[PDB]
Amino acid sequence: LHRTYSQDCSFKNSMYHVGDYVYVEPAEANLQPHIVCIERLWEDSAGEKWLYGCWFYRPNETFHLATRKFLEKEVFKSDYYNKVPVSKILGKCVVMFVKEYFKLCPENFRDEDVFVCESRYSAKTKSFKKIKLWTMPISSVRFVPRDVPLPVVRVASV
């Protein structure tokens, strides 16, 4: 299965790039699509197009104390990396580092598809840790100053 890697990948009417975030179809009729950062793309010798990257967990996808507070739209950088066929992408989204999320917003994305990341999460130890520096592929999305900054809302889930 010789693979030809690329910085971008076309599928139907869509074009995907390394550094994009995408929603990926889960293995359950009623289950939220997963957020994955595209870190590599390829076409294999069978003609199938694939992405590989890091999974981002929503709060309800973590084991957490009932009292833990979450930002609105918060997601967690997991230690889970896997490949997915490009045919399973349901759409694009954006995850922003906590330091820029409140001041900047991505051009051409609905607010519901923009998430904020402050911490990583490990399923192995069921624990969180604040991220010191944001290390992800450079994305092609364009960020502009928000007209008015978003409020900082941290509340528990339960």
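Throughout, we count residues from 1 along the sequence that is shown.
The mean Cα B-factor in the deposited entry runs higher for 142-150 than for the other of 142-150 and 9-17. With 22-30 and 98-106 compared on mean CA B-factor from the PDB entry, the stretch scoring higher is 22-30. In the PDB entry, the Cα temperature factor peaks, among 66, 51, 35, 46, at 46. If you compare the C-alpha temperature factors of 124, 40, 92, 130 in the entry, 124 comes out highest.
Ranked by C-alpha B-factor against the other modelled residues of its chain, residue 79 falls in the highest third.
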